[PDB]
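Chemist: Starting off with a structure, shown below.
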Amino acid sequence: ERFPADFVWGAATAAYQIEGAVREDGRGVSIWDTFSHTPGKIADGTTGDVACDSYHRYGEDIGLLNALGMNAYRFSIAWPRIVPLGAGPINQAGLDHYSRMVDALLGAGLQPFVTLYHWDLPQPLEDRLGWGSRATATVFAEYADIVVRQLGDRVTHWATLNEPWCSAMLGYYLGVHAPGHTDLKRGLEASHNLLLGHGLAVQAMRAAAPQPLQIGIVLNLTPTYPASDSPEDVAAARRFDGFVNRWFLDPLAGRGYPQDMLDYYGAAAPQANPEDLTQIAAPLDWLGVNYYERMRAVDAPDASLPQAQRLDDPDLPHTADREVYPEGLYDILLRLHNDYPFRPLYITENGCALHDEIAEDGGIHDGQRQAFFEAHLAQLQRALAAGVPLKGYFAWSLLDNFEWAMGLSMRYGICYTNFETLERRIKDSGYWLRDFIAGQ
C-alpha cells in the first residue's frame with residue numbers, strides 16, 4: 001500500500017489548453033489558433049483565446065498545486081511564444097515569462113516537468129507542410145536547444161513530444177485535430193518527422209544543457225485485447241496494437257518500424273533511410289506513459305484502417321467520454337518492463353472527464369473520479385510489486401480546460417474551472433488525492 005518516499009506526485013496541463021493570452025507578449029499564431037477559429041471544428045464554438053487565463057493566473061495554479069500537496073507540475077512551453085515564426089529569431093519576452101514561472105514553481109517546492117511540444121505548431125511551419133516536411137524536424141531541434149539553454153539550469157526533466165500518434169493521426173489522417181488534414185500518407189509521413197524531430201532534439205538538448213538532463217518522450221498507449229481467439233480478431237488486435245503502440249515504441253527502441261505494419265501500409269509507409277532510424281533511437285532517460293483506456297478489438301474489414309472496431313462492454317463503468325479499465329494500466333506497464341528497454345517510467349497522464357457541476361454546498365461531488373484514481377493507483381502498486389521501475393504519477397488535469405475538439409465542454413480537472421469568472425475550486429476527488437498523498 002505504500003509508494004516510494006521519493007515518488008513524484010503531480011498534475012498536468014498543456015499550454016494551449018490553459019494559457020489564453022493568445023496575442024500577448026509577441027506570441028505567434030499556432031495551428032490550434034487557426035483550427036479553433038475555423039467554423040465547425042470545435043464542438044461547442046469555443047477557442048483557446050482565454051481558456052483558463054493561466055498566462056496571467058499561473059500563481060493561482062501554483063496555489064492549487066500547493067493546496068493539493070503535490071511535488072511536481074507537468075506543463076508545456078508554447079513554441080509560438082518562443083519562436084513566433086517557427087523558424088526565426090527568438091522572442092526573449094516569451095522565454096522570460098517561463099523563466100519567472102519556473103522560479104515561482106521552484107519557490108513553492110514544485111519540480112517542473114516540461115513538455116516542449118504539446119501540439120501547438122507555429123502556423124508558418126504548417127504553411128510549409130508542417131510535420132509533412134523534414135525541415136520542421138530540424139527547426140524543432142533548434143527550438144529545443146534555445147529553451148534548454150535558458151531553463152536547463154533549473155529544469156532537469158524534459159519531454160520532447162506529447163502523444164505523437166495524436167499529432168500525426170488525428171491531425172493529418174483523421175482530420176479531427178489541427179491542422180485537420182485527411183490523408184493517410186501524410187499522417188504516416190508526419191509520424192516519421194515527429195520521431196525524427198524528437199531524435200534531433202534529444203541530441204541538441206544534451207549539447208546545449210548547462211547540466212545533465214533527464215530527457216524522455218510521452219506516448220499514449222492503449223493495451224489491446226482480441227474480442228475472441230479467432231484468427232480474424234487476434235489479427236485485428238495485432239493491427240490496432242501496431243497502429244497505436246508499436247509504430248512508436250519499436251523505432252524508439254532501436255527496432256525499426258514494425259514489419260507487419262510496413263506490410264499493411266504498403267506504399268503509404270514513409271521512406272525511412274537507416275540514418276533517420278539511428279537518430280530516432282537516441283538514448284532516453286525515461287519514458288512517459290499516458291493511460292486512459294483499453295481497446296477490445298473485433299475484425300472490421302469494411303471499416304477504415306486499421307480495420308478494427310471497439311467492442312463496448314456495457315457492464316464496465318463509463319465516464320463522459322471513455323470506458324474505464326484500470327487493469328489495462330498494469331498490463332501495459334508489465335509489457336513495457338518486460339519487452340522494451342525504457343526505464344524508469346512515469347505515468348504522465350491519467351484522468352477522466354465527467355459532467356461535473358457545483359452542488360448547493362459549493363463543492364463538486366465527483367465520486368466517479370475519486371473511484372477512477374483509487375482503482376488506477378491500486379494497479380500501480382501491483383506493477384511496483386512486480387518490479388516495474390515506476391517513479392511518478394501525474395493526474396490529467398490540474399484544472400478543467402480547453403479539451404481540443406471538444407472545447408470547454410469536457411471537464412477533466414481535479415479542480416473545477418468557472419470559465420466565465422476564471423475561479424478555480426478543488427473537486428472532492430482533488431481532496432481525496434491530497435489526503436492520499438499526505439498519507440504517503
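Numbering starts fresh at 1 for the residues of each chain in the C-alpha cells, the chains themselves are lettered A, B, ... in the order given, and ligands are numbered from 1 as they appear.
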I need the residues in segment 110-306 of chain A that are helix (DSSP H, G or I) according to DSSP; give them as number ranges by chain.
Modeler: A: 123-126, 130-132, 134-151, 164-173, 184-208, 231-252, 259-268, 274-280
Chemist: Write out as a ChimeraX atom specification which residues come within 6 Å of segment 343-356 of chain A when counting only C-alpha atoms, dropping same-chain ones fewer than 3 positions away.
Modeler: /A:286-292,319-320,389-396,411-412
Chemist: Write out, as a CSV table (one decimal), in the first residue's frame, the residues just selected, with C-alpha atoms.
Modeler:
```
chain,number,residue,atom,x,y,z
A,286,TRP,CA,12.8,7.9,-19.0
A,287,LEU,CA,9.5,7.2,-20.8
A,288,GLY,CA,6.2,8.8,-20.0
A,289,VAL,CA,3.0,6.8,-20.4
A,290,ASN,CA,-0.4,8.4,-20.9
A,291,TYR,CA,-3.0,5.9,-20.0
A,292,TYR,CA,-6.8,6.2,-20.3
A,319,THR,CA,-17.1,8.3,-18.0
A,320,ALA,CA,-18.4,11.2,-20.1
A,389,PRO,CA,10.6,0.9,-12.3
A,390,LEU,CA,7.8,3.5,-11.9
A,391,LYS,CA,8.9,6.8,-10.5
A,392,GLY,CA,5.9,9.1,-10.6
A,393,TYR,CA,2.2,9.8,-11.4
A,394,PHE,CA,0.6,12.9,-12.9
A,395,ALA,CA,-3.1,13.3,-12.9
A,396,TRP,CA,-4.7,14.8,-16.0
A,411,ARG,CA,-14.1,18.6,-17.8
A,412,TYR,CA,-11.0,16.6,-16.9
```
Chemist: Write out as a list in words the residues lying within 10 Å of residue 97 of chain A, counting only C-alpha atoms and excluding same-chain residues fewer than 5 positions away.
Modeler: residues 25, 55, 56, 81, 82, 92 and 102 of chain A
Chemist: Env of segment 366-379 of chain A: 7 Å cut, atoms = only C-alpha atoms, seq-sep filter 5 positions within chain, self excluded. Answer as a ChimeraX atom specification.
Modeler: /A:326-327,329-330,352,356,427-429,432
Chemist: Write the selection just made, keeping N, CA and C atoms, as an mmCIF file, in the first residue's frame?
Modeler:
```cif
data_model
loop_
_atom_site.group_PDB
_atom_site.id
_atom_site.type_symbol
_atom_site.label_atom_id
_atom_site.label_comp_id
_atom_site.auth_asym_id
_atom_site.auth_seq_id
_atom_site.Cartn_x
_atom_site.Cartn_y
_atom_site.Cartn_z
ATOM 1 N N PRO A 326 -9.157 -0.262 -15.368
ATOM 2 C CA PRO A 326 -7.905 0.014 -14.654
ATOM 3 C C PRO A 326 -6.845 -1.043 -14.861
ATOM 4 N N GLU A 327 -7.249 -2.304 -15.029
ATOM 5 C CA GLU A 327 -6.265 -3.371 -15.156
ATOM 6 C C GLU A 327 -5.409 -3.214 -16.393
ATOM 7 N N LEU A 329 -3.796 -0.677 -17.177
ATOM 8 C CA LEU A 329 -2.596 0.053 -16.773
ATOM 9 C C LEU A 329 -1.523 -0.901 -16.266
ATOM 10 N N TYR A 330 -1.919 -1.890 -15.470
ATOM 11 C CA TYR A 330 -0.979 -2.929 -15.055
ATOM 12 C C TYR A 330 -0.447 -3.674 -16.272
ATOM 13 N N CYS A 352 -9.978 11.438 -15.896
ATOM 14 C CA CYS A 352 -11.264 11.190 -16.521
ATOM 15 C C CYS A 352 -12.122 12.443 -16.556
ATOM 16 N N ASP A 356 -19.357 17.415 -14.478
ATOM 17 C CA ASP A 356 -19.231 17.985 -13.143
ATOM 18 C C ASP A 356 -20.074 19.254 -13.033
ATOM 19 N N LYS A 427 -12.195 19.968 -6.578
ATOM 20 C CA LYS A 427 -13.249 18.963 -6.545
ATOM 21 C C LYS A 427 -12.985 17.951 -5.423
ATOM 22 N N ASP A 428 -14.022 17.192 -5.059
ATOM 23 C CA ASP A 428 -13.855 16.210 -3.991
ATOM 24 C C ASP A 428 -12.731 15.238 -4.297
ATOM 25 N N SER A 429 -12.598 14.816 -5.550
ATOM 26 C CA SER A 429 -11.506 13.912 -5.896
ATOM 27 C C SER A 429 -10.141 14.537 -5.656
ATOM 28 N N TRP A 432 -9.452 14.075 -2.105
ATOM 29 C CA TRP A 432 -9.054 12.689 -1.876
ATOM 30 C C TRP A 432 -7.584 12.472 -2.234
#
```
Chemist: When you look at residue 271 of chain A with a cut-off of 10 Å (counting only C-alpha atoms), what residues show up, excluding the ones that are within fewer than 4 positions of it in the same chain? I need them as a tab-separated table (two decimals) with C-alpha atoms, in the first residue's frame.
Modeler:
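Result saved to around.tsv:
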```tsv
chain	number	residue	atom	x	y	z
A	188	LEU	CA	2.46	8.48	-41.69
A	189	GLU	CA	4.99	10.98	-43.05
A	192	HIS	CA	8.22	9.85	-39.10
A	267	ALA	CA	3.10	2.27	-50.44
A	276	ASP	CA	16.96	8.52	-39.60
```
Chemist: I need the residue nearest residue 66 of chain A from this list: A:242, A:28, A:212, A:430. Use only C-alpha atoms for the distance.
Modeler: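 That would be A:430, the residue with the smallest distance to residue 66 of chain A.
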